[PDB]
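Novice:
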Amino acid sequence: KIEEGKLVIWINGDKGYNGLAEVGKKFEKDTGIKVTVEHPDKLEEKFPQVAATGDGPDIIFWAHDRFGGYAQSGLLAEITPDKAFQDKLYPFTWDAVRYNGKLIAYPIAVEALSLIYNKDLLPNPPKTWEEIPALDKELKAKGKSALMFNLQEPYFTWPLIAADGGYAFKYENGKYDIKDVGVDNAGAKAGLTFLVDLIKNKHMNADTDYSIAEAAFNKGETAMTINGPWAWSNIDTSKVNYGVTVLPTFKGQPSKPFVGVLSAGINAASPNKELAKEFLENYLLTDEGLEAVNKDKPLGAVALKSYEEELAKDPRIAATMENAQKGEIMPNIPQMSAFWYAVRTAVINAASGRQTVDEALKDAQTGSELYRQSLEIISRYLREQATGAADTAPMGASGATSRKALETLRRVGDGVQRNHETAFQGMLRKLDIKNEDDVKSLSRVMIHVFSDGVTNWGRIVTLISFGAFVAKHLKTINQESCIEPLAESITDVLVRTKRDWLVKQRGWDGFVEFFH
Ligand SMILES: COc1ccccc1-c1nccc(COc2ccc3cc2C[C@H](C(=O)O)Oc2ncnc4sc(-c5ccc(F)cc5)c(c24)-c2ccc(c(Cl)c2C)CN(CCN2CCN(C)CC2)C3)n1
Ligand SMILES: OC[C@H]1O[C@H](O[C@H]2[C@H](O)[C@@H](O)[C@@H](O)O[C@@H]2CO)[C@H](O)[C@@H](O)[C@@H]1O
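If you count the sequence shown from 1, position 322 lands on 126 in the deposited numbering, and the numbers rise without skipping.
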């Protein structure tokens, strides 16, 4: 499917893709291998769709947070650089691209949002978010505004949501508690309510997106913006006398931007893996390769120690690293995609008045917890049905929901299996199962049959009950190790294809209510 003898690269439209194409031309000069750089729209959503069919680019560039989901789906080649190459990059950047103990991408650069201000309009930028309404009123008297930034991508609003205590997945004792989501706590609510109040008081407009905020800052209409290092090139061209500084505090606490490490992963379906490794290690991740990209659109604090020693002297890079140290390195867990979609919907709905801050963040919490809660219920049902004994481990966060959904699932699911016993036994024969490969083919049939019909709790219970019927067969045929991957496969198609409907039902609470 992917053509051998060439390299196709995907990178976001806000990065230095013309600089990257200059590195590709240098590679072609030596090897005769043509390198095509593309920047398709929504490349981070297109990549898992096309790479799953054996298609897509040879190399994908994105911040490290999406890569764990790609790796979990088997879409990325494991990268194994030698120690001499590994030592040329900062160890924390390699940590950002490690998933299940394996390196799944090459780190390129460390990105963090900073406060960018027009020194000619605002010689002393604000230290707090609280003083921005009064500053906006003062600036409005002169035909200017205090601040405009992209309100359509939650990445830009997150530093404010996290400032007073909001968090994505709790991190404590050197580990993430995936069961602990903090998008709907008092801290997140205060941050988002402050943003909504800025919009209600006409200090910001809910429709402001990336282009609008960028045009207004680069034309001197707004005194401040919130953006990353890639934006500096267009501000340079505009000749605005700008500064790059620490984000304002909220309730006396620093804004905490989610820090991304721009990384390059190699498609598992690529027949050009050795060419991609040579391109990335020996052409791109060199002082000259990174300089070519950086001159087009700044990368931020690069992962390559030798080049970073020079960039670190730039006060804009010092400000980027200061904001990064006050924030957090993004997790790379597979549910980051679901978290981002949920928080993106929450900020847009709260900003537009479609939902209150409380309704918006409650839905964001349900969406962010959906995979873990669904896995807990489905995994426990399949394993207790197969072995005849329940899991003694504590249910954890939202244990009441899990326990009640499991009790409901025992009552309804058992009835489904009892009434359709002969029909399920017949289907189990056609799907000849005796090993791990036979479970993977069953999964493919499940995904299509479930995805084809109507969305309702009856069909969801059928999908899970048939999975329990199969897990019983796996226990007797001494293939009990296939049960947990089957539970993960059922959970994945359920949370991915029925995401919106699930959240509208208040997740598993709606299931308990429906069958009450
Ligand atoms: C108010 O409703 C409820 C309330 C409480 C609780 C439940 C409900 C409620 N709701 C909605 C459907 C239901 C019963 O669903 C069954 C139950 C046995 C069957 C077919 C269905 C159809 C149903 C659907 O697509 O709607 O199936 C699924 N729904 C969701 N995910 C899924 S995944 C999935 C599946 C999984 C693995 C696989 F390799 C193939 C398919 C199926 C399914 C599915 C489809 C079809 C068949 C089976 Cl065994 C299954 C389990 C066979 N099929 C036909 C028999 N054949 C015999 C011979 N004859 C000559 C012709 C006829 C029997 N129960
Ligand atoms: O808005 C959610 C979005 O945030 C991050 O995307 C950033 C990206 O890291 C930056 O390099 C730059 O391009 O801006 C993006 C936001 O528009 C996450 O990396 C991404 O996965 C997430 O969807």
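Think of the CB as a built atom: it goes at the ideal place given N, C-alpha and C, for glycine as much as any other residue.
Since residue -106 is in the beta strand (DSSP E), which residue starts that stretch and which ends it?
Specialist: Working through the sequence shown from its first residue, we reach residue -106 at position 90. Taken as a continuous stretch (DSSP letters only), residue -106 belongs to no beta strand (DSSP E), as it is neither H nor E.
Novice: Below 8 Å on the Cβ atoms is my contact criterion, and I expect residue -140 with residue 76 to pass it. Report the Cβ-Cβ distance as a whole number of Å.
Specialist: For the purposes of this step, residue -140 is taken as residue 56 along the sequence shown, with counting starting at 1. For the purposes of this step, residue 76 is taken as residue 272 along the sequence shown, with counting starting at 1. In fact, because the Cβ distance is near 12 Å, the residues do not count as touching under 8 Å.
Novice: Of the residues 268, 127, 163, 215, which one's Cα is nearest the Cα of residue 60?
Specialist: Residue 60 sits at position 256 when you count from the first residue of the sequence shown. Selected option, being the one with the closest Cα: 127.
Novice: What whole-angstrom Cβ distance do residue 63 and residue 140 have, given they're in contact under 8 Å?
Specialist: In the sequence shown, the residue the question calls residue 63 occupies position 259. In the sequence shown, the residue the question calls residue 140 occupies position 336. Contact flag wrong, Cβ pair sits at about 13 Å.
Novice: Quick one: does the C-beta of residue 224 sit closer than 7 Å to a heavy atom of ligand 3?
Specialist: What this structure holds is ligand 1 and ligand 2, not ligand 3.
Novice: Any idea what DSSP makes of residue 23, helix, strand or coil?
Specialist: Start at 1 with the first residue of the sequence shown, and residue 23 comes out as number 219. It is coil, neither helix nor strand.
Novice: With a threshold of 7 Å on Cβ separation, who are the neighbours of residue -191 within its own chain once the five nearest residues in sequence on each side are excluded?
Specialist: To locate residue -191, count along the sequence shown from 1; it is residue 5. Correct list, in chain order: -163.
Novice: Tell me the rounded alpha-carbon separation between residue -166 and residue 25.
Specialist: Residue -166 sits at position 30 when you count from the first residue of the sequence shown. Residue 25 sits at position 221 when you count from the first residue of the sequence shown. If you take the alpha carbons of residue -166 and residue 25, they lie about 47 Å apart.
Novice: Which of helix, strand or coil does DSSP assign to residue 256?
Specialist: Here residue 256 refers to the residue found at position 452 when the sequence shown is read from its first residue. Here residue 256 sits in helix by DSSP.
Novice: When you compare only the Cα positions, how much space is there between residue -16 and residue -30?
Specialist: Indexing the sequence shown from 1 puts residue -16 at position 180. Indexing the sequence shown from 1 puts residue -30 at position 166. Answer to the nearest angstrom: the Cα atoms are 12 Å apart.
Novice: Quick one: is the Cβ of residue 122 within less than 7 Å of any heavy atom of ligand 2?
Specialist: What you label residue 122 is simply residue 318 of the sequence shown in a count that begins at 1. No, the beta carbon of residue 122 sits no closer than 7 Å to any heavy atom of ligand 2.
Novice: Mind checking residue -129: buried by the 16 CB within 10 Å criterion, or exposed?
Specialist: The residue labelled residue -129 in the question sits at position 67 within the sequence shown. Buried: at least 16 other Cβ atoms inside 10 Å.
Novice: Is residue -41 near ligand 2, with its Cβ less than 7 Å from a heavy atom?
Specialist: The residue given as residue -41 occupies position 155 in the sequence shown. The answer is yes for residue -41.
Novice: Out of -33, -40, -2, which has the shortest C-alpha to C-alpha gap to residue -66?
Specialist: Taking the sequence shown and counting its residues from 1, the one referred to as residue -66 is at position 130. Of the listed residues, the one whose Cα sits closest to residue -66 is -2.
Novice: Straight-line CA distance for residue -86 to residue 104?
Specialist: Position 110 of the sequence shown holds residue -86. Position 300 of the sequence shown holds residue 104. Near 6 Å, if we compare the C-alpha coordinates of residue 104 and residue -86.
Novice: Tell me the DSSP secondary structure of residue -78 in three-state form.
Specialist: Along the sequence shown, read from residue 1 onward, the residue named residue -78 stands at position 118. Three-state result, residue -78: strand.
Novice: Count the other CB atoms within 10 Å of the CB of residue -104; is the residue buried (16 or more) or exposed (fewer)?
Specialist: Counted from its first residue, the sequence shown places residue -104 at position 92. So residue -104 counts as exposed.
Novice: With a threshold of 16 other CB atoms inside 10 Å of the CB of residue -92, please say whether the residue is buried or exposed.
Specialist: Walking along the sequence shown from the start, residue -92 turns up at place 104. Buried, since its Cβ has 16 or more Cβ neighbours within 10 Å.
Novice: Taking the straight line between their C-alpha atoms, what separation do you get for residue -14 and residue -44?
Specialist: Sequence index remark: in the sequence shown, residue -14 carries index 182 (1-based). Sequence index remark: in the sequence shown, residue -44 carries index 152 (1-based). Between residue -14 and residue -44, the C-alpha separation is close to 21 Å.
Novice: What does the alpha-carbon distance come out to for the pair residue -151 and residue -124?
Specialist: Position 45 of the sequence shown holds residue -151. Position 72 of the sequence shown holds residue -124. C-alpha separation (whole angstroms): 15 Å.
Novice: Give the secondary structure of residue 180 by DSSP, where H, G and I count as helix, E and B as strand, and everything else as coil.
Specialist: Taking the sequence shown and counting its residues from 1, the one referred to as residue 180 is at position 376. DSSP places residue 180 in helix when its eight states are reduced to three.
Novice: Check this for me: beta carbons of residue -159 and residue -194, under 8 Å apart or not?
Specialist: By one-based count along the sequence shown, residue -159 stands at place 37. By one-based count along the sequence shown, residue -194 stands at place 2. The answer is no: Cβ separation not under 8 Å.
Novice: Can you name, in chain order, every residue of its own chain whose Cβ lies under 7 Å from the Cβ of residue -35, other than the five neighbours on each side?
Specialist: In the sequence shown, the residue the question calls residue -35 occupies position 161. So the qualifying residues of the chain are -8, -5, -4.
Novice: List in chain order: all unbroken alpha helix (DSSP H) runs of 4+ residues lying wholly within the stretch -193 to -117.
Specialist: Within the stretch -193 to -117, the complete alpha helix (DSSP H) runs of at least 4 residues are -179 to -165, -153 to -145, -129 to -124.
Novice: For residue 227, verify whether its CB is less than 7 Å away from any heavy atom of ligand 1.
Specialist: The residue you call residue 227 lines up with position 423 of the sequence shown. The answer is yes for residue 227.
Novice: At a cut-off of 7 Å, is residue 114 close to ligand 2 when judged by its beta-carbon and the heavy atoms of the ligand?
Specialist: For the purposes of this step, residue 114 is taken as residue 310 along the sequence shown, with counting starting at 1. No, since every heavy atom of ligand 2 falls outside the 7 Å radius drawn around the Cβ of residue 114.
Novice: For residue 246, which three-state DSSP category applies?
Specialist: Translated into the one-based positions of the sequence shown, residue 246 becomes position 442. Looking at residue 246 - three-state DSSP - the assignment turns out to be helix.
Novice: Just to confirm, is the Cβ distance from residue -178 to residue -153 under 8 Å?
Specialist: Working through the sequence shown from its first residue, we reach residue -178 at position 18. Working through the sequence shown from its first residue, we reach residue -153 at position 43. The answer is no: Cβ separation not under 8 Å.
Novice: DSSP three-state call for residue 332: helix, strand or coil?
Specialist: Outside the displayed span of the chain (-195 to 320) sits residue 332, for which this structure offers no information.
Novice: Rounded to a whole number of angstroms, what is the C-alpha to C-alpha distance between residue 164 and residue -170?
Specialist: Translated into the one-based positions of the sequence shown, residue 164 becomes position 360. Translated into the one-based positions of the sequence shown, residue -170 becomes position 26. So the two alpha carbons sit approximately 49 Å from each other.
Novice: Suppose contacts are defined by Cβ-Cβ distances below 8 Å. Is residue -106 in contact with residue 107 by that definition?
Specialist: Mapped onto the sequence shown, residue -106 falls at position 90. Mapped onto the sequence shown, residue 107 falls at position 303. Cβ atoms of residue -106 and residue 107: closer than 8 Å.
Novice: Please identify the residue among 294, -83, 47 whose C-alpha is closest to the C-alpha of residue -40.
Specialist: Within the sequence shown, the letter at position 156 stands for residue -40. When each option's Cα is compared against that of residue -40, the closest is -83.
Novice: In angstroms, rounded to a whole number, what distance separates the CA positions of residue 21 and residue 213?
Specialist: Indexing the sequence shown from 1 puts residue 21 at position 217. Indexing the sequence shown from 1 puts residue 213 at position 409. C-alpha separation (whole angstroms): 55 Å.
Novice: Hey, how far is the Cα of residue 305 from the Cα of residue 259?
Specialist: The count along the sequence shown starts at 1 and reaches residue 305 at position 501. The count along the sequence shown starts at 1 and reaches residue 259 at position 455. The alpha-carbon atoms of residue 305 and residue 259 are separated by roughly 8 Å.
Novice: Please identify the residue among 84, 272, -110 whose C-alpha is closest to the C-alpha of residue 210.
Specialist: Locating residue 210 in the sequence shown gives position 406, counting from the first residue. Measuring from the Cα of residue 210, the nearest candidate turns out to be 272.
Novice: Using a threshold of 7 Å, is the CB atom of residue 300 nearer than that to any non-hydrogen atom of ligand 1?
Specialist: Against the sequence shown, residue 300 aligns to sequence position 496. No, ligand 1 has no heavy atom inside 7 Å of this Cβ.
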